[PDB]
$ cat query-v3.pdb   # PDB, N, CA and C atoms
ATOM      1  N   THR O   1     170.081 193.403 -91.944
ATOM      2  CA  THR O   1     171.510 193.691 -92.033
ATOM      3  C   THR O   1     172.089 194.084 -90.680
ATOM      4  N   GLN O   2     171.249 194.551 -89.763
ATOM      5  CA  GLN O   2     171.676 194.907 -88.419
ATOM      6  C   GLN O   2     170.847 194.141 -87.401
ATOM      7  N   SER O   3     171.456 193.847 -86.257
ATOM      8  CA  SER O   3     170.750 193.133 -85.204
ATOM      9  C   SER O   3     169.656 194.008 -84.608
ATOM     10  N   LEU O   4     168.469 193.424 -84.443
ATOM     11  CA  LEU O   4     167.346 194.099 -83.807
ATOM     12  C   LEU O   4     166.880 193.366 -82.556
ATOM     13  N   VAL O   5     167.709 192.469 -82.020
ATOM     14  CA  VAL O   5     167.300 191.670 -80.868
ATOM     15  C   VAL O   5     167.039 192.564 -79.663
ATOM     16  N   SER O   6     167.952 193.497 -79.396
ATOM     17  CA  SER O   6     167.792 194.377 -78.243
ATOM     18  C   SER O   6     166.577 195.280 -78.407
ATOM     19  N   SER O   7     166.359 195.793 -79.619
ATOM     20  CA  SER O   7     165.235 196.695 -79.847
ATOM     21  C   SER O   7     163.902 195.966 -79.736
ATOM     22  N   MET O   8     163.807 194.766 -80.312
ATOM     23  CA  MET O   8     162.565 194.004 -80.223
ATOM     24  C   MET O   8     162.257 193.606 -78.786
ATOM     25  N   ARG O   9     163.270 193.154 -78.044
ATOM     26  CA  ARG O   9     163.043 192.746 -76.663
ATOM     27  C   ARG O   9     162.598 193.923 -75.806
ATOM     28  N   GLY O  10     163.213 195.089 -75.999
ATOM     29  CA  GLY O  10     162.840 196.248 -75.204
ATOM     30  C   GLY O  10     161.406 196.678 -75.440
ATOM     31  N   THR O  11     160.977 196.674 -76.702
ATOM     32  CA  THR O  11     159.617 197.089 -77.025
ATOM     33  C   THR O  11     158.591 196.126 -76.443
ATOM     34  N   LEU O  12     158.855 194.822 -76.539
ATOM     35  CA  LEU O  12     157.896 193.835 -76.053
ATOM     36  C   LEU O  12     157.727 193.918 -74.542
ATOM     37  N   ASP O  13     158.822 194.146 -73.814
ATOM     38  CA  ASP O  13     158.737 194.248 -72.360
ATOM     39  C   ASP O  13     157.896 195.442 -71.935
ATOM     40  N   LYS O  14     158.016 196.563 -72.648
ATOM     41  CA  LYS O  14     157.191 197.724 -72.337
ATOM     42  C   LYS O  14     155.713 197.415 -72.537
ATOM     43  N   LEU O  15     155.383 196.673 -73.595
ATOM     44  CA  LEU O  15     153.993 196.291 -73.824
ATOM     45  C   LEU O  15     153.492 195.343 -72.742
ATOM     46  N   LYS O  16     154.337 194.411 -72.301
ATOM     47  CA  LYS O  16     153.907 193.448 -71.292
ATOM     48  C   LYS O  16     153.681 194.108 -69.939
ATOM     49  N   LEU O  17     154.467 195.131 -69.606
ATOM     50  CA  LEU O  17     154.410 195.773 -68.300
ATOM     51  C   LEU O  17     153.610 197.069 -68.313
ATOM     52  N   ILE O  18     152.747 197.263 -69.312
ATOM     53  CA  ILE O  18     151.976 198.495 -69.390
ATOM     54  C   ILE O  18     151.011 198.583 -68.209
ATOM     55  N   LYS O  19     150.725 199.808 -67.784
ATOM     56  CA  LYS O  19     149.850 200.049 -66.636
ATOM     57  C   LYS O  19     148.402 200.239 -67.087
ATOM     58  N   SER O  20     147.928 199.292 -67.889
ATOM     59  CA  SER O  20     146.559 199.320 -68.379
ATOM     60  C   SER O  20     145.631 198.667 -67.367
ATOM     61  N   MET O  21     144.505 199.322 -67.102
ATOM     62  CA  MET O  21     143.526 198.827 -66.147
ATOM     63  C   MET O  21     142.273 198.277 -66.812
ATOM     64  N   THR O  22     142.288 198.100 -68.132
ATOM     65  CA  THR O  22     141.162 197.460 -68.809
ATOM     66  C   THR O  22     140.940 196.021 -68.359
ATOM     67  N   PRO O  23     141.963 195.160 -68.241
ATOM     68  CA  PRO O  23     141.697 193.805 -67.725
ATOM     69  C   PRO O  23     141.075 193.806 -66.342
ATOM     70  N   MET O  24     141.443 194.774 -65.504
ATOM     71  CA  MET O  24     140.781 194.938 -64.217
ATOM     72  C   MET O  24     139.302 195.246 -64.396
ATOM     73  N   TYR O  25     138.980 196.151 -65.321
ATOM     74  CA  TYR O  25     137.600 196.580 -65.511
ATOM     75  C   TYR O  25     136.741 195.454 -66.072
ATOM     76  N   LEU O  26     137.264 194.724 -67.059
ATOM     77  CA  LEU O  26     136.473 193.686 -67.710
ATOM     78  C   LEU O  26     136.137 192.554 -66.750
ATOM     79  N   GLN O  27     137.067 192.210 -65.862
ATOM     80  CA  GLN O  27     136.861 191.090 -64.957
ATOM     81  C   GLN O  27     135.913 191.418 -63.809
ATOM     82  N   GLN O  28     135.834 192.682 -63.388
ATOM     83  CA  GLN O  28     135.107 193.034 -62.171
ATOM     84  C   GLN O  28     133.876 193.885 -62.458
ATOM     85  N   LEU O  29     134.021 195.023 -63.137
ATOM     86  CA  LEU O  29     132.914 195.972 -63.211
ATOM     87  C   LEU O  29     132.029 195.718 -64.424
ATOM     88  N   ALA O  30     132.616 195.268 -65.531
ATOM     89  CA  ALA O  30     131.834 195.049 -66.746
ATOM     90  C   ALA O  30     130.691 194.059 -66.554
ATOM     91  N   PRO O  31     130.872 192.903 -65.899
ATOM     92  CA  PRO O  31     129.713 192.016 -65.691
ATOM     93  C   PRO O  31     128.586 192.662 -64.907
ATOM     94  N   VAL O  32     128.911 193.504 -63.926
ATOM     95  CA  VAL O  32     127.874 194.153 -63.129
ATOM     96  C   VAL O  32     127.052 195.103 -63.991
ATOM     97  N   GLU O  33     127.718 195.871 -64.855
ATOM     98  CA  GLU O  33     127.008 196.813 -65.714
ATOM     99  C   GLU O  33     126.079 196.088 -66.676
ATOM    100  N   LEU O  34     126.523 194.947 -67.205
ATOM    101  CA  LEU O  34     125.662 194.160 -68.079
ATOM    102  C   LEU O  34     124.463 193.609 -67.319
ATOM    103  N   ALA O  35     124.665 193.225 -66.057
ATOM    104  CA  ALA O  35     123.590 192.609 -65.288
ATOM    105  C   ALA O  35     122.490 193.608 -64.953
ATOM    106  N   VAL O  36     122.859 194.852 -64.635
ATOM    107  CA  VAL O  36     121.855 195.816 -64.192
ATOM    108  C   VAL O  36     120.967 196.268 -65.345
ATOM    109  N   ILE O  37     121.510 196.354 -66.560
ATOM    110  CA  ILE O  37     120.716 196.874 -67.668
ATOM    111  C   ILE O  37     119.976 195.758 -68.394
ATOM    112  N   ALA O  38     120.360 194.503 -68.169
ATOM    113  CA  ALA O  38     119.753 193.387 -68.892
ATOM    114  C   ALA O  38     118.243 193.275 -68.706
ATOM    115  N   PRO O  39     117.683 193.330 -67.491
ATOM    116  CA  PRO O  39     116.223 193.190 -67.362
ATOM    117  C   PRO O  39     115.430 194.321 -67.995
ATOM    118  N   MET O  40     116.039 195.482 -68.233
ATOM    119  CA  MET O  40     115.322 196.644 -68.739
ATOM    120  C   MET O  40     115.333 196.747 -70.256
ATOM    121  N   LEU O  41     116.055 195.871 -70.948
ATOM    122  CA  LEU O  41     116.166 195.978 -72.391
ATOM    123  C   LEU O  41     114.847 195.609 -73.066
ATOM    124  N   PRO O  42     114.483 196.314 -74.141
ATOM    125  CA  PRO O  42     113.283 195.912 -74.894
ATOM    126  C   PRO O  42     113.407 194.534 -75.515
ATOM    127  N   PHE O  43     114.620 194.124 -75.882
ATOM    128  CA  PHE O  43     114.868 192.808 -76.450
ATOM    129  C   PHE O  43     115.659 191.996 -75.435
ATOM    130  N   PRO O  44     115.026 191.099 -74.682
ATOM    131  CA  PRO O  44     115.748 190.387 -73.634
ATOM    132  C   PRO O  44     116.826 189.505 -74.227
ATOM    133  N   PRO O  45     117.874 189.206 -73.458
ATOM    134  CA  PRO O  45     119.025 188.484 -74.016
ATOM    135  C   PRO O  45     118.650 187.105 -74.536
ATOM    136  N   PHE O  46     119.361 186.681 -75.578
ATOM    137  CA  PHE O  46     119.180 185.374 -76.198
ATOM    138  C   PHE O  46     120.560 184.790 -76.456
ATOM    139  N   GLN O  47     120.894 183.710 -75.754
ATOM    140  CA  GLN O  47     122.256 183.201 -75.729
ATOM    141  C   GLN O  47     122.284 181.701 -75.989
ATOM    142  N   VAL O  48     123.431 181.237 -76.473
ATOM    143  CA  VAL O  48     123.730 179.815 -76.616
ATOM    144  C   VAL O  48     124.981 179.541 -75.789
ATOM    145  N   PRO O  49     125.207 178.312 -75.327
ATOM    146  CA  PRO O  49     126.319 178.070 -74.400
ATOM    147  C   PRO O  49     127.674 178.362 -75.027
TER     148      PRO O  49
ATOM    149  N   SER E   1     184.414 208.704 -87.926
ATOM    150  CA  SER E   1     184.086 207.370 -87.441
ATOM    151  C   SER E   1     185.220 206.777 -86.621
ATOM    152  N   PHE E   2     186.463 207.166 -86.908
ATOM    153  CA  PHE E   2     187.599 206.671 -86.137
ATOM    154  C   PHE E   2     187.461 207.024 -84.661
ATOM    155  N   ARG E   3     187.390 208.317 -84.357
ATOM    156  CA  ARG E   3     187.333 208.728 -82.963
ATOM    157  C   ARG E   3     185.984 208.408 -82.340
ATOM    158  N   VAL E   4     184.925 208.313 -83.145
ATOM    159  CA  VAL E   4     183.665 207.804 -82.612
ATOM    160  C   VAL E   4     183.835 206.362 -82.144
ATOM    161  N   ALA E   5     184.563 205.552 -82.915
ATOM    162  CA  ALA E   5     184.816 204.171 -82.520
ATOM    163  C   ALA E   5     185.633 204.109 -81.237
ATOM    164  N   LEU E   6     186.666 204.949 -81.128
ATOM    165  CA  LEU E   6     187.423 204.991 -79.875
ATOM    166  C   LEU E   6     186.546 205.406 -78.700
ATOM    167  N   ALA E   7     185.663 206.385 -78.900
ATOM    168  CA  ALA E   7     184.771 206.798 -77.822
ATOM    169  C   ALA E   7     183.821 205.675 -77.428
ATOM    170  N   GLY E   8     183.396 204.867 -78.400
ATOM    171  CA  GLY E   8     182.423 203.823 -78.135
ATOM    172  C   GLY E   8     182.916 202.714 -77.229
ATOM    173  N   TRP E   9     184.226 202.637 -76.987
ATOM    174  CA  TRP E   9     184.766 201.573 -76.150
ATOM    175  C   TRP E   9     184.280 201.657 -74.711
ATOM    176  N   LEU E  10     183.862 202.832 -74.258
ATOM    177  CA  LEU E  10     183.467 203.033 -72.872
ATOM    178  C   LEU E  10     182.008 202.694 -72.605
ATOM    179  N   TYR E  11     181.222 202.401 -73.638
ATOM    180  CA  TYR E  11     179.782 202.237 -73.476
ATOM    181  C   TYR E  11     179.277 201.029 -74.247
ATOM    182  N   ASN E  12     180.024 199.925 -74.222
ATOM    183  CA  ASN E  12     179.554 198.733 -74.917
ATOM    184  C   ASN E  12     178.360 198.098 -74.219
ATOM    185  N   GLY E  13     178.043 198.533 -72.999
ATOM    186  CA  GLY E  13     176.872 198.010 -72.319
ATOM    187  C   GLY E  13     175.570 198.417 -72.982
ATOM    188  N   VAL E  14     175.496 199.653 -73.472
ATOM    189  CA  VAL E  14     174.270 200.169 -74.058
ATOM    190  C   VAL E  14     174.405 200.473 -75.546
ATOM    191  N   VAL E  15     175.617 200.663 -76.058
ATOM    192  CA  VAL E  15     175.833 200.995 -77.460
ATOM    193  C   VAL E  15     176.789 199.978 -78.057
ATOM    194  N   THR E  16     176.412 199.412 -79.200
ATOM    195  CA  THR E  16     177.252 198.461 -79.918
ATOM    196  C   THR E  16     177.603 199.049 -81.276
ATOM    197  N   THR E  17     178.890 199.281 -81.511
ATOM    198  CA  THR E  17     179.329 199.844 -82.778
ATOM    199  C   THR E  17     179.513 198.743 -83.814
ATOM    200  N   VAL E  18     178.938 198.956 -84.998
ATOM    201  CA  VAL E  18     179.003 197.995 -86.091
ATOM    202  C   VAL E  18     179.378 198.733 -87.368
ATOM    203  N   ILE E  19     179.844 197.971 -88.348
ATOM    204  CA  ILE E  19     180.137 198.515 -89.668
ATOM    205  C   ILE E  19     178.847 198.597 -90.469
ATOM    206  N   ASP E  20     178.658 199.711 -91.168
ATOM    207  CA  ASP E  20     177.441 199.914 -91.938
ATOM    208  C   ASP E  20     177.358 198.931 -93.099
ATOM    209  N   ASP E  21     176.123 198.614 -93.493
ATOM    210  CA  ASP E  21     175.906 197.662 -94.577
ATOM    211  C   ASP E  21     176.436 198.180 -95.906
ATOM    212  N   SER E  22     176.408 199.498 -96.117
ATOM    213  CA  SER E  22     176.815 200.052 -97.403
ATOM    214  C   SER E  22     178.301 199.858 -97.672
ATOM    215  N   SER E  23     179.086 199.553 -96.637
ATOM    216  CA  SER E  23     180.517 199.352 -96.842
ATOM    217  C   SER E  23     180.813 198.016 -97.508
ATOM    218  N   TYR E  24     179.891 197.065 -97.424
ATOM    219  CA  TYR E  24     180.085 195.763 -98.037
ATOM    220  C   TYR E  24     179.836 195.836 -99.542
ATOM    221  N   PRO E  25     180.412 194.915-100.313
ATOM    222  CA  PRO E  25     180.107 194.862-101.747
ATOM    223  C   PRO E  25     178.619 194.645-101.980
ATOM    224  N   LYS E  26     178.104 195.269-103.040
ATOM    225  CA  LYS E  26     176.661 195.303-103.254
ATOM    226  C   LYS E  26     176.092 193.914-103.516
ATOM    227  N   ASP E  27     176.789 193.098-104.304
ATOM    228  CA  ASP E  27     176.299 191.781-104.686
ATOM    229  C   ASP E  27     177.145 190.647-104.124
ATOM    230  N   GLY E  28     177.966 190.917-103.115
ATOM    231  CA  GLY E  28     178.809 189.888-102.543
ATOM    232  C   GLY E  28     180.243 189.984-103.017
ATOM    233  N   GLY E  29     180.427 190.293-104.295
ATOM    234  CA  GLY E  29     181.744 190.460-104.870
ATOM    235  C   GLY E  29     182.281 189.175-105.479
ATOM    236  N   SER E  30     183.466 189.300-106.072
ATOM    237  CA  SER E  30     184.154 188.180-106.695
ATOM    238  C   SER E  30     185.652 188.437-106.667
ATOM    239  N   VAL E  31     186.429 187.379-106.433
ATOM    240  CA  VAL E  31     187.875 187.511-106.343
ATOM    241  C   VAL E  31     188.527 187.768-107.688
ATOM    242  N   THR E  32     187.771 187.682-108.777
ATOM    243  CA  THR E  32     188.283 188.085-110.076
ATOM    244  C   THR E  32     188.240 189.593-110.276
ATOM    245  N   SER E  33     187.870 190.355-109.249
ATOM    246  CA  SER E  33     187.747 191.802-109.341
ATOM    247  C   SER E  33     188.737 192.478-108.401
ATOM    248  N   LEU E  34     189.574 193.347-108.968
ATOM    249  CA  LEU E  34     190.522 194.110-108.164
ATOM    250  C   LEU E  34     189.797 195.028-107.188
ATOM    251  N   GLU E  35     188.681 195.614-107.626
ATOM    252  CA  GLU E  35     187.886 196.455-106.738
ATOM    253  C   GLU E  35     187.379 195.658-105.545
ATOM    254  N   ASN E  36     186.925 194.427-105.787
ATOM    255  CA  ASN E  36     186.446 193.591-104.695
ATOM    256  C   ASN E  36     187.585 193.198-103.763
ATOM    257  N   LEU E  37     188.776 192.962-104.317
ATOM    258  CA  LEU E  37     189.929 192.688-103.462
ATOM    259  C   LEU E  37     190.228 193.871-102.547
ATOM    260  N   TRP E  38     190.162 195.089-103.084
ATOM    261  CA  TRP E  38     190.392 196.263-102.246
ATOM    262  C   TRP E  38     189.290 196.427-101.203
ATOM    263  N   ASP E  39     188.045 196.108-101.570
ATOM    264  CA  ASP E  39     186.966 196.100-100.586
ATOM    265  C   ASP E  39     187.277 195.150 -99.439
ATOM    266  N   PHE E  40     187.737 193.941 -99.766
ATOM    267  CA  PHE E  40     188.086 192.981 -98.726
ATOM    268  C   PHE E  40     189.199 193.514 -97.840
ATOM    269  N   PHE E  41     190.224 194.116 -98.446
ATOM    270  CA  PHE E  41     191.329 194.661 -97.665
ATOM    271  C   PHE E  41     190.835 195.721 -96.686
ATOM    272  N   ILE E  42     190.006 196.646 -97.173
ATOM    273  CA  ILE E  42     189.517 197.735 -96.331
ATOM    274  C   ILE E  42     188.677 197.189 -95.184
ATOM    275  N   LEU E  43     187.750 196.280 -95.492
ATOM    276  CA  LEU E  43     186.889 195.731 -94.449
ATOM    277  C   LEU E  43     187.692 194.945 -93.422
ATOM    278  N   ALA E  44     188.669 194.157 -93.879
ATOM    279  CA  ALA E  44     189.479 193.369 -92.961
ATOM    280  C   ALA E  44     190.279 194.261 -92.023
ATOM    281  N   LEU E  45     190.863 195.339 -92.544
ATOM    282  CA  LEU E  45     191.594 196.239 -91.662
ATOM    283  C   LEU E  45     190.690 197.049 -90.743
ATOM    284  N   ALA E  46     189.454 197.339 -91.146
ATOM    285  CA  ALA E  46     188.583 198.180 -90.334
ATOM    286  C   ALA E  46     187.798 197.422 -89.273
ATOM    287  N   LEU E  47     187.507 196.140 -89.487
ATOM    288  CA  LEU E  47     186.632 195.421 -88.561
ATOM    289  C   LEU E  47     187.144 195.317 -87.125
ATOM    290  N   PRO E  48     188.409 194.976 -86.847
ATOM    291  CA  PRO E  48     188.788 194.657 -85.457
ATOM    292  C   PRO E  48     188.704 195.821 -84.477
ATOM    293  N   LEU E  49     188.274 197.008 -84.895
ATOM    294  CA  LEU E  49     188.159 198.142 -83.986
ATOM    295  C   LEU E  49     186.744 198.362 -83.470
TER     296      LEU E  49
END

$ encode --input "query-v3.pdb" --output "structure tokens"
Amino acid sequence: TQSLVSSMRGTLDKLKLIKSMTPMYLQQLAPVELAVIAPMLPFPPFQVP
Amino acid sequence: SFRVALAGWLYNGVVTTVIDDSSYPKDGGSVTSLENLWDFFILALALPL
């Protein structure tokens, strides 16, 4: 019954411009952490492409 | 609501004044109803502000 265009647009922009550093962590540091602990695991990795 | 509407003229950039949904007829109305005719009159006179 009322326009929500301004409210929806404002909320989405805040989500898009959030100062989250998780994508930074996953791309750079997460692979290194997986690599260092992989040889020490009791069950060595088993992967398919 | 009258003087609120007059005040709202200075801030149409961030605030948009609209008529509330409850002012409209509940089921749309019918021209065979005097009450609905009065509803139309009231809404028509109130909208242009």

$ atom_distance --input "query-v3.pdb" --atom1 "atom CA of residue 16 of chain E" --atom2 "atom CA of residue 46 of chain E"
15.4 Å

$ resolve_selection --input "query-v3.pdb" --expression "the ChimeraX specification (/E@CA @<10) & /O@CA" --output "list in words"
residues 1, 2, 3 and 6 of chain O

$ residues_around --input "query-v3.pdb" --residues "residue 41 of chain E" --least-positions-apart "4" --cutoff "12 Å" --atoms "only C-alpha atoms" --output "PDB file with N, CA and C atoms, keeping the file's coordinate frame"
ATOM      1  N   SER E  23     179.086 199.553 -96.637  1.00  0.00           N
ATOM      2  CA  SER E  23     180.517 199.352 -96.842  1.00  0.00           C
ATOM      3  C   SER E  23     180.813 198.016 -97.508  1.00  0.00           C
ATOM      4  N   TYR E  24     179.891 197.065 -97.424  1.00  0.00           N
ATOM      5  CA  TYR E  24     180.085 195.763 -98.037  1.00  0.00           C
ATOM      6  C   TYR E  24     179.836 195.836 -99.542  1.00  0.00           C
ATOM      7  N   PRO E  25     180.412 194.915-100.313  1.00  0.00           N
ATOM      8  CA  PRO E  25     180.107 194.862-101.747  1.00  0.00           C
ATOM      9  C   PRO E  25     178.619 194.645-101.980  1.00  0.00           C
ATOM     10  N   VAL E  31     186.429 187.379-106.433  1.00  0.00           N
ATOM     11  CA  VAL E  31     187.875 187.511-106.343  1.00  0.00           C
ATOM     12  C   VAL E  31     188.527 187.768-107.688  1.00  0.00           C
ATOM     13  N   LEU E  34     189.574 193.347-108.968  1.00  0.00           N
ATOM     14  CA  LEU E  34     190.522 194.110-108.164  1.00  0.00           C
ATOM     15  C   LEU E  34     189.797 195.028-107.188  1.00  0.00           C
ATOM     16  N   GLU E  35     188.681 195.614-107.626  1.00  0.00           N
ATOM     17  CA  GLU E  35     187.886 196.455-106.738  1.00  0.00           C
ATOM     18  C   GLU E  35     187.379 195.658-105.545  1.00  0.00           C
ATOM     19  N   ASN E  36     186.925 194.427-105.787  1.00  0.00           N
ATOM     20  CA  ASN E  36     186.446 193.591-104.695  1.00  0.00           C
ATOM     21  C   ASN E  36     187.585 193.198-103.763  1.00  0.00           C
ATOM     22  N   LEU E  37     188.776 192.962-104.317  1.00  0.00           N
ATOM     23  CA  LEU E  37     189.929 192.688-103.462  1.00  0.00           C
ATOM     24  C   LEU E  37     190.228 193.871-102.547  1.00  0.00           C
ATOM     25  N   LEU E  45     190.863 195.339 -92.544  1.00  0.00           N
ATOM     26  CA  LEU E  45     191.594 196.239 -91.662  1.00  0.00           C
ATOM     27  C   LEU E  45     190.690 197.049 -90.743  1.00  0.00           C
ATOM     28  N   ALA E  46     189.454 197.339 -91.146  1.00  0.00           N
ATOM     29  CA  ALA E  46     188.583 198.180 -90.334  1.00  0.00           C
ATOM     30  C   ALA E  46     187.798 197.422 -89.273  1.00  0.00           C
ATOM     31  N   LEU E  47     187.507 196.140 -89.487  1.00  0.00           N
ATOM     32  CA  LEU E  47     186.632 195.421 -88.561  1.00  0.00           C
ATOM     33  C   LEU E  47     187.144 195.317 -87.125  1.00  0.00           C
TER      34      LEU E  47
END

$ select_by_dssp --input "query-v3.pdb" --residues "chain E" --states "helix (DSSP H, G or I)" --output "ChimeraX atom specification"
/E:2-11,21-23,34-46

$ write_last_selection --input "query-v3.pdb" --atoms "N, CA and C atoms" --output "PDB file, keeping the file's coordinate frame"
ATOM      1  N   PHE E   2     186.463 207.166 -86.908  1.00  0.00           N
ATOM      2  CA  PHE E   2     187.599 206.671 -86.137  1.00  0.00           C
ATOM      3  C   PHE E   2     187.461 207.024 -84.661  1.00  0.00           C
ATOM      4  N   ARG E   3     187.390 208.317 -84.357  1.00  0.00           N
ATOM      5  CA  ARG E   3     187.333 208.728 -82.963  1.00  0.00           C
ATOM      6  C   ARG E   3     185.984 208.408 -82.340  1.00  0.00           C
ATOM      7  N   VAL E   4     184.925 208.313 -83.145  1.00  0.00           N
ATOM      8  CA  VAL E   4     183.665 207.804 -82.612  1.00  0.00           C
ATOM      9  C   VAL E   4     183.835 206.362 -82.144  1.00  0.00           C
ATOM     10  N   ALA E   5     184.563 205.552 -82.915  1.00  0.00           N
ATOM     11  CA  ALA E   5     184.816 204.171 -82.520  1.00  0.00           C
ATOM     12  C   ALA E   5     185.633 204.109 -81.237  1.00  0.00           C
ATOM     13  N   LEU E   6     186.666 204.949 -81.128  1.00  0.00           N
ATOM     14  CA  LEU E   6     187.423 204.991 -79.875  1.00  0.00           C
ATOM     15  C   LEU E   6     186.546 205.406 -78.700  1.00  0.00           C
ATOM     16  N   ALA E   7     185.663 206.385 -78.900  1.00  0.00           N
ATOM     17  CA  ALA E   7     184.771 206.798 -77.822  1.00  0.00           C
ATOM     18  C   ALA E   7     183.821 205.675 -77.428  1.00  0.00           C
ATOM     19  N   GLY E   8     183.396 204.867 -78.400  1.00  0.00           N
ATOM     20  CA  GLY E   8     182.423 203.823 -78.135  1.00  0.00           C
ATOM     21  C   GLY E   8     182.916 202.714 -77.229  1.00  0.00           C
ATOM     22  N   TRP E   9     184.226 202.637 -76.987  1.00  0.00           N
ATOM     23  CA  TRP E   9     184.766 201.573 -76.150  1.00  0.00           C
ATOM     24  C   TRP E   9     184.280 201.657 -74.711  1.00  0.00           C
ATOM     25  N   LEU E  10     183.862 202.832 -74.258  1.00  0.00           N
ATOM     26  CA  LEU E  10     183.467 203.033 -72.872  1.00  0.00           C
ATOM     27  C   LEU E  10     182.008 202.694 -72.605  1.00  0.00           C
ATOM     28  N   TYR E  11     181.222 202.401 -73.638  1.00  0.00           N
ATOM     29  CA  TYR E  11     179.782 202.237 -73.476  1.00  0.00           C
ATOM     30  C   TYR E  11     179.277 201.029 -74.247  1.00  0.00           C
ATOM     31  N   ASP E  21     176.123 198.614 -93.493  1.00  0.00           N
ATOM     32  CA  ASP E  21     175.906 197.662 -94.577  1.00  0.00           C
ATOM     33  C   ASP E  21     176.436 198.180 -95.906  1.00  0.00           C
ATOM     34  N   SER E  22     176.408 199.498 -96.117  1.00  0.00           N
ATOM     35  CA  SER E  22     176.815 200.052 -97.403  1.00  0.00           C
ATOM     36  C   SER E  22     178.301 199.858 -97.672  1.00  0.00           C
ATOM     37  N   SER E  23     179.086 199.553 -96.637  1.00  0.00           N
ATOM     38  CA  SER E  23     180.517 199.352 -96.842  1.00  0.00           C
ATOM     39  C   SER E  23     180.813 198.016 -97.508  1.00  0.00           C
ATOM     40  N   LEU E  34     189.574 193.347-108.968  1.00  0.00           N
ATOM     41  CA  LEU E  34     190.522 194.110-108.164  1.00  0.00           C
ATOM     42  C   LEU E  34     189.797 195.028-107.188  1.00  0.00           C
ATOM     43  N   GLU E  35     188.681 195.614-107.626  1.00  0.00           N
ATOM     44  CA  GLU E  35     187.886 196.455-106.738  1.00  0.00           C
ATOM     45  C   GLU E  35     187.379 195.658-105.545  1.00  0.00           C
ATOM     46  N   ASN E  36     186.925 194.427-105.787  1.00  0.00           N
ATOM     47  CA  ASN E  36     186.446 193.591-104.695  1.00  0.00           C
ATOM     48  C   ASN E  36     187.585 193.198-103.763  1.00  0.00           C
ATOM     49  N   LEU E  37     188.776 192.962-104.317  1.00  0.00           N
ATOM     50  CA  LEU E  37     189.929 192.688-103.462  1.00  0.00           C
ATOM     51  C   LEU E  37     190.228 193.871-102.547  1.00  0.00           C
ATOM     52  N   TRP E  38     190.162 195.089-103.084  1.00  0.00           N
ATOM     53  CA  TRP E  38     190.392 196.263-102.246  1.00  0.00           C
ATOM     54  C   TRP E  38     189.290 196.427-101.203  1.00  0.00           C
ATOM     55  N   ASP E  39     188.045 196.108-101.570  1.00  0.00           N
ATOM     56  CA  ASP E  39     186.966 196.100-100.586  1.00  0.00           C
ATOM     57  C   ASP E  39     187.277 195.150 -99.439  1.00  0.00           C
ATOM     58  N   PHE E  40     187.737 193.941 -99.766  1.00  0.00           N
ATOM     59  CA  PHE E  40     188.086 192.981 -98.726  1.00  0.00           C
ATOM     60  C   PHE E  40     189.199 193.514 -97.840  1.00  0.00           C
ATOM     61  N   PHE E  41     190.224 194.116 -98.446  1.00  0.00           N
ATOM     62  CA  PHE E  41     191.329 194.661 -97.665  1.00  0.00           C
ATOM     63  C   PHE E  41     190.835 195.721 -96.686  1.00  0.00           C
ATOM     64  N   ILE E  42     190.006 196.646 -97.173  1.00  0.00           N
ATOM     65  CA  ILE E  42     189.517 197.735 -96.331  1.00  0.00           C
ATOM     66  C   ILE E  42     188.677 197.189 -95.184  1.00  0.00           C
ATOM     67  N   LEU E  43     187.750 196.280 -95.492  1.00  0.00           N
ATOM     68  CA  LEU E  43     186.889 195.731 -94.449  1.00  0.00           C
ATOM     69  C   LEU E  43     187.692 194.945 -93.422  1.00  0.00           C
ATOM     70  N   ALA E  44     188.669 194.157 -93.879  1.00  0.00           N
ATOM     71  CA  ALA E  44     189.479 193.369 -92.961  1.00  0.00           C
ATOM     72  C   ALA E  44     190.279 194.261 -92.023  1.00  0.00           C
ATOM     73  N   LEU E  45     190.863 195.339 -92.544  1.00  0.00           N
ATOM     74  CA  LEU E  45     191.594 196.239 -91.662  1.00  0.00           C
ATOM     75  C   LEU E  45     190.690 197.049 -90.743  1.00  0.00           C
ATOM     76  N   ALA E  46     189.454 197.339 -91.146  1.00  0.00           N
ATOM     77  CA  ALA E  46     188.583 198.180 -90.334  1.00  0.00           C
ATOM     78  C   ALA E  46     187.798 197.422 -89.273  1.00  0.00           C
TER      79      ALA E  46
END

$ atom_distance --input "query-v3.pdb" --atom1 "atom CA of residue 46 of chain O" --atom2 "atom CA of residue 29 of chain O"
21.7 Å

$ atom_distance --input "query-v3.pdb" --atom1 "atom CA of residue 4 of chain E" --atom2 "atom C of residue 48 of chain E"
13.1 Å

$ decode --input "query-v3.pdb" --residues "segment 25-42 of chain E" --atoms "C-alpha atoms" --output "PDB file, in the first residue's frame"
ATOM      1  CA  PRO E  25     -12.719   2.527   1.213  1.00  0.00           C
ATOM      2  CA  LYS E  26     -12.135  -0.935   2.633  1.00  0.00           C
ATOM      3  CA  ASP E  27     -13.342  -2.918  -0.400  1.00  0.00           C
ATOM      4  CA  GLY E  28     -12.970  -0.306  -3.143  1.00  0.00           C
ATOM      5  CA  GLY E  29     -16.467   1.098  -2.753  1.00  0.00           C
ATOM      6  CA  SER E  30     -19.416   1.538  -5.087  1.00  0.00           C
ATOM      7  CA  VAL E  31     -21.135   4.585  -6.561  1.00  0.00           C
ATOM      8  CA  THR E  32     -24.475   3.213  -5.381  1.00  0.00           C
ATOM      9  CA  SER E  33     -23.368   4.163  -1.843  1.00  0.00           C
ATOM     10  CA  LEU E  34     -23.726   7.666  -0.423  1.00  0.00           C
ATOM     11  CA  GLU E  35     -20.991   6.859   2.097  1.00  0.00           C
ATOM     12  CA  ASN E  36     -18.653   5.910  -0.747  1.00  0.00           C
ATOM     13  CA  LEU E  37     -19.515   9.138  -2.564  1.00  0.00           C
ATOM     14  CA  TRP E  38     -18.540  11.109   0.540  1.00  0.00           C
ATOM     15  CA  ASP E  39     -15.323   9.081   0.770  1.00  0.00           C
ATOM     16  CA  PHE E  40     -14.517  10.072  -2.809  1.00  0.00           C
ATOM     17  CA  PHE E  41     -15.256  13.728  -2.065  1.00  0.00           C
ATOM     18  CA  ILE E  42     -12.998  13.753   1.003  1.00  0.00           C
TER      19      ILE E  42
END
